Amino acid sequence: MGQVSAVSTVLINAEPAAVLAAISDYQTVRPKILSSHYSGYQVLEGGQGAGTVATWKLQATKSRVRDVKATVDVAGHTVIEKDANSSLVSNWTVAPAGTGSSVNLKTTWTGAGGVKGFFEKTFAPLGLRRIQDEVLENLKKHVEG
């Protein structure tokens, strides 16, 4: 059994420890770095570190909206978001990168079929990867200035 996922790494002009905290902040950071594909963001528990629970809608296209209920698991410099509603997990791994830092964002894919059917029928992985990349950009700009 293999594994497929949307992976993108973005360089950030900021301390990786600060970025880690920013990621674990689901109150003042998370909802300020969301793309236009996000809506109805609501923190259900915590909002600052492990144990945080938050929910939102992710609209890939007109008639593709994912109801996400992410459980946050912060450990070291990796923040894991496990959707309780569907089989989607997003990994937020941040690490030093020269004078700044970088974040490796890995969002897993799912579905009854393979990537072909995942794209054609359900939520386009090409769009999802773009969405996550755009959020990483927002994060970079957010923590930078």
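Use the structure listed above.
Let me begin by describing the structure that accompanies this report. (Residues numbered from 1 in each chain as written, not as in the entry; some residues may be left out. Heavy atoms only, no water.)

1. Structural notes on the side chain of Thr 108
With respect to the secondary-structure elements, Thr 108 resides in strand β7 (residues 100-108). A relative accessible area of 16% means that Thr 108 is categorised as buried. Of note is the side chain of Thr 108, whose polar atom sits 2.9 Å from the backbone nitrogen of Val 89. (Helix = DSSP H or I, 4+ residues; strand = E, 2+ residues; numbered from the N terminus. Buried < 20%, exposed > 50% of the residue type's maximum accessible area, 1.4 Å probe, protein only. Polar contact = N/O pair within 3.5 Å; in protein donor to acceptor, adjacent residues only side chain to side chain.)

2. Focus: the packing of aromatic side chains
Taken as a whole, this structure holds three aromatic pairs when the rule is applied. Ring plane angle 50° and centroid distance 6.4 Å describe the contact between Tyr 38 and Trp 56, whose orientation is recorded as tilted. On the criterion of sequence distance, the pair formed by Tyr 38 in strand β2 (residues 38-45) and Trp 56 in strand β3 (residues 53-61) is long-range, its members being 18 residues apart. Owing to a relative accessible area of 10%, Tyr 38 belongs among the buried residues under this scheme. Under the relative-accessibility criterion, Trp 56 is labelled buried at 5%. (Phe/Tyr/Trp six-rings, centres within 6.5 Å; stacked < 30°, edge-to-face > 60°.)

3. A look at the pattern of salt bridges
Going through the model one piece at a time under the given rule, you end up with five salt bridges. In this structure, the salt-bridge partner of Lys 141 is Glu 137, at a minimum N-O distance of 3.0 Å. Residue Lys 141 and its partner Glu 137 are both found in helix α3 (residues 125-144); the two are separated by four residues, about one turn of the helix. For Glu 137, a relative accessible area of 36% gives the class partly exposed. Put simply, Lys 140 and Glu 144 hold a salt bridge, and the shortest N to O gap is 2.8 Å. Of the two residues, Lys 140 and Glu 144 both sit in helix α3, four residues apart, roughly one turn of that helix. The exposure class assigned to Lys 140 is partly exposed, which follows from its relative accessible area of 24%. (Salt bridge = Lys/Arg side-chain N within 4 Å of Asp/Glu carboxyl O.)

4. Notes on α3
The first and last C-alpha atoms of α3 sit 28 Å apart over 20 residues, in line with the 28 Å expected at 1.5 Å per residue. Among all positions of α3, only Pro 125, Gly 127, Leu 128, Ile 131, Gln 132, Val 135, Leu 136 and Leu 139 are buried. (Expected span 1.5 Å × (residues − 1).)

5. What to know about helix α1 (residues 16-24)
The α-helix advances 3.6 residues per turn, and as a result positions three or four apart in sequence lie on the same side. Within the span of α1, buried status applies to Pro 16, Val 19, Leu 20, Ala 22, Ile 23 and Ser 24. Residues of α1 that are buried in the fold lie against β1 (5-12), β4 (64-75), β5 (78-83), β6 (89-97), β7 and α3. (Contact = heavy atoms within 4.5 Å.)

6. A closer look at the environment of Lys 116
For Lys 116, the location among the structural elements is in helix α2 (residues 115-120). C-alpha of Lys 116 to C-alpha of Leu 105: the two residues are eleven residues apart in sequence and 22 Å apart in space.

7. Thoughts on the pairing of β7
The buried count for β7 comes to seven of nine residues, which makes it a mostly enclosed element. Direction of pairing for β1 relative to β7: antiparallel, over a ladder of eight bridges. Bridged to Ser 5 within β7 is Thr 108. Bridge count between β6 and β7: eight bridges; the pairing is antiparallel. Paired with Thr 93 across the bridge in β7 is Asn 104. As consecutive antiparallel partners, β6 and β7 are separated by two residues, and within that stretch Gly 98 has a phi angle of approximately 80°, a positive value. (Pairing = 2+ DSSP bridges.)

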